[PDB]
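Enquirer: First portion of the complex, with coordinates as positioned in the assembly:
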Amino acid sequence: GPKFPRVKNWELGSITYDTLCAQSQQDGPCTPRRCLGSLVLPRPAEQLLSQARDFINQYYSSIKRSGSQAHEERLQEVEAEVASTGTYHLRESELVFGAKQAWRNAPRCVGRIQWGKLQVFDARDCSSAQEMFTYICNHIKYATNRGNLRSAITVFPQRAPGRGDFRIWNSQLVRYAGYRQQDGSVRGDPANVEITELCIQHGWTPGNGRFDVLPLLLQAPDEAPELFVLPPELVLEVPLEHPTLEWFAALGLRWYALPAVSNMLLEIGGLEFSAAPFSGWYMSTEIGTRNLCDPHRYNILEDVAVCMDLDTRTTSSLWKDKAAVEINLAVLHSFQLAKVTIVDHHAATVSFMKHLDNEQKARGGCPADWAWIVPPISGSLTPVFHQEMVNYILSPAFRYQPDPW
């Protein structure tokens, strides 16, 4: 057979070979002796040049111009600029291309059928933390679009030789606060405890509800961060209710429309963009299963099961399962009622299968992280569970990065 990964789908009985992985420059955490695929985070000179050269080639390739004069001219111009300034800049449409690509390359994202439709806001002119606030507000305005959501990314200035990074401290543009108590517990979203304490430490006046939208903490080159509160009318939220369980409404649960990861470094041709928030729309299970049922988040399963009158003294009643289905249902219903874009884990995964097939044709593979693509309820009930997948790092990429503090 071909010596590239044989990938099988056990439901359809079909084979593909992933030849795309051959392009991976970067290595991940597995070795022949032990597989580390399940861990969340696995433990410049002439280097820049070859990262840069490869990205330009991806670009010129994508516009079908490999070998052309614009192409070799562009390669020369890049290495003249690394030659003298130790770095280089990207043309506008080179940035747009690379941003989209990073998304298309992201092994953990199930929504990639949408990769070619992303609005890229150049913000490489940004000079202050004030300015960052304006762009972010603008992004949120555009992306939200009164509930009819549009995928977008804003790109702030890249990293530079001996000059401090641009950083958004928050992990998402929109996050609920988590307050620590002496009684040990956490009010709000326990994931956000640290960023909450940090905002207070930098001079925020805390609320004290389960659902207080956090202020942004925005950092500009070689400065302490600055505090910024989102105008509430910009932050669209969805109150949660059940289509038939009248009391669910009374739990006073809510969620925000816009998922906007603000802490991930965007790497393109070796240039590093530390502040480059992107947003899409949610998949039902992110809110409904992880955010609301993780034992270390809102952990509402028990509350709800009691309301449903389930027997929670025993695992074999599948009370945890019954409550979960009904919560997910409520998330979906409430967004549909509110006319805010959402996608259920079935439709979502069905579209990823379509994505897998498009990429097979186009690139000869699609890097994908199974543990992360399979939804956290109803896994085997969805087609991706039966689909083997190869994971590998391609560049451009979205990458995790150490916290500014």
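Expert: Perfect, I can see it now. Numbers count the residues shown, from 1 in each chain, chains lettered A, B, ... in the order given.
Enquirer: Which parts of the stretch 201-350 of chain A are strands?
Expert: Here the stretch 201-350 of chain A has its strands, by DSSP state E, counting those that start in this stretch, at A:216-219, A:226-228, A:237-239, A:254-256, A:260-261, A:265-268, A:271-273, A:278-279.
Enquirer: So which residue is smack in the middle of chain A?
Expert: residue A:261 (5.2 Å; C-alpha atoms, centre = their mean).
Enquirer: For that one, give the beta-bridge partners.
Expert: residue A:172, residue A:278 (DSSP bridges).
Enquirer: Would you confirm that it contacts residue A:171?
Expert: Yes - with contacts counted by C-beta atoms under 8 Å, residue A:261 reaches residue A:171, the gap being 7.3 Å. All C-beta spots, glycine's among them, are computed from the backbone N, C-alpha and C.
Enquirer: Comparing the strands of the stretch 201-350 of chain A, which stretch has the densest surroundings?
Expert: Most buried of the strands of the stretch 201-350 of chain A, by mean neighbour count (mean count of other C-beta atoms under 10 Å): strand A:278-279, with a mean of 26.
Enquirer: I'd like to know which elements that strand is packed against.
Expert: On a contact count with 3 or more C-beta pairs under 8 Å, 6 or more residues apart in numbering; DSSP states H and E, strand A:278-279 meets strand A:152-155, strand A:260-261.
Enquirer: Please name the nearest non-neighbouring residue to residue A:382.
Expert: residue A:349 (4.2 Å; C-beta to C-beta, 6 or more residues apart in numbering).
Enquirer: Run a quick neighbour tally on that neighbour.
Expert: Using other C-beta atoms under 10 Å, the number of residues around residue A:349 comes to 25.
Enquirer: next up, chain B:
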Amino acid sequence: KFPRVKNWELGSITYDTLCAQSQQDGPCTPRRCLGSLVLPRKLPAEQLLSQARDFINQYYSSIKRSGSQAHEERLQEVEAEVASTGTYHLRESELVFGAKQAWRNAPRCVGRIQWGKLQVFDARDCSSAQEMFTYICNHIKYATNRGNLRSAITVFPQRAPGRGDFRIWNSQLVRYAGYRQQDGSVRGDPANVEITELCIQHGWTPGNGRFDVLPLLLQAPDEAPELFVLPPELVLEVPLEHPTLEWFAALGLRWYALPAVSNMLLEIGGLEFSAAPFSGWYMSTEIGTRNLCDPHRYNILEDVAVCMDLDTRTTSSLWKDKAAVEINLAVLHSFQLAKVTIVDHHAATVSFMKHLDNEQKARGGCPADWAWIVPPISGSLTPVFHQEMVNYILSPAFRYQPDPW
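Expert: Once chain B is put in with the chains from before, the structure reads:
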């Protein structure tokens, strides 16, 4: 270097140091992770010696006897045997230890808390298919123990130089037939279509039902397989009813009490046991999710959802998730009403956590395959979902092997 392994629910980190013991390579390389592939792409005297020395040192260590008189004379035995015949033989108590350690090392198995309680039948004195059938019959009889299930393995003669393997052609000792219909579709378990055909092709007259217990095809070295029908009364079956929905029963669904895998190979101290069928008891989801709801299995979701009165027409109604849940519920009710051992997915993954904990203290880790340990439903609702796991091959070991035909 040893992997930091984090639990995300509890914030606890640990370090897996056992994996340094692993001698066999897996399918992953630093360039791409093949963690989710089911089977290997792949699938001497000096080397067997070393696998055997390593195993014997293991066995004496296990009984607190390293460097004892017994230990050294046993190594010298093996020495002499191999040096002469190109091979050697295990003592019964070594086998017993080996079988146990093989289950202990099995990364895809969530029942390993049970690893020390295994009844081991030595069947290495078997010269025909007939005898195999009598051994297979005692195993079932004992394992089943009228519903109070008990874990067993039955080890037939090891492979040898230049003669056929003892093999059980069936993938489990109890499986339902799959009959192809002229119109392409399959009546009964579609994963068993091949094994069904082979049985008709060696003289078995088929049933015409969804739930026909297949015969056994048993092969002694270099003979045509022979066919044997299991006695109806040795094969315990549960009919499927549901606690509250009366029509469910009418649906006629049944399943069998004994999960007895028969197509895998047991490797101990480099000896290979080509027929070593083992059984424990079922986890509910194996049946109620996979075997009944996989689209390429009995595929019953839509039938139920229809009976359940649900909006079949759109994915947003979560009809699948809803039906899946009842179906698992009914498997659990039905087994418990028949006083036949079953473990649910919540209880099982809770006990798998304890196991991981016991093995941390005992060995410095636990080879575990995340994608196989997380149930097919309610993933993030069990504690394993949140537990990083390192996967790798330790010996003794169950391995897959080619089909004999």
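Enquirer: mind redoing the neighbour count of residue A:349 now chain B's in there?
Expert: 26 (other C-beta atoms under 10 Å in any protein chain shown).
Enquirer: And it, how far from residue A:283?
Expert: 9 Å (C-beta to C-beta, to the nearest Å).
Enquirer: Residue A:358 too?
Expert: To residue A:283, residue A:358 is 19 Å away according to C-beta to C-beta.
Enquirer: Which one's more surrounded, those two?
Expert: Neighbour count, other C-beta under 10 Å: between residue A:358 and residue A:283, residue A:283 has more, with 22 against 15.
Enquirer: Who does the more buried one form a beta bridge with?
Expert: With DSSP bridges applied, residue A:283 shows beta-bridge pairing to residue A:343.
Enquirer: and it, what does it touch?
Expert: Residue A:283 is in contact with A:110, A:111, A:342, A:343, A:344, A:345, A:348, A:375, counting by C-beta atoms under 8 Å, 6 or more residues apart in numbering or on different chains.
Enquirer: Take those and, keeping just the buried ones, write it as a PyMOL select command.
Expert: Command for PyMOL that selects the buried part of the contacts of residue A:283, burial taken from 16 or more other C-beta atoms under 10 Å in any protein chain shown:
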select buried, chain A and resi 110+111+342+343+344+345+348+375
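Enquirer: which residues touch the residue nearest to the centre of chain A?
Expert: For residue A:261, the contacting residues are A:171, A:172, A:277, A:278, A:279, A:398, by C-beta under 8 Å, 6+ apart.
Enquirer: Save the residues you listed as a markdown table, and put in distance to chain B too.
Expert: Below are those laid out as a markdown table (distance: C-beta to the nearest C-beta, whole Å):
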| residue | distance to chain B |
| --- | --- |
| A:171 | 15 |
| A:172 | 17 |
| A:277 | 23 |
| A:278 | 23 |
| A:279 | 22 |
| A:398 | 18 |
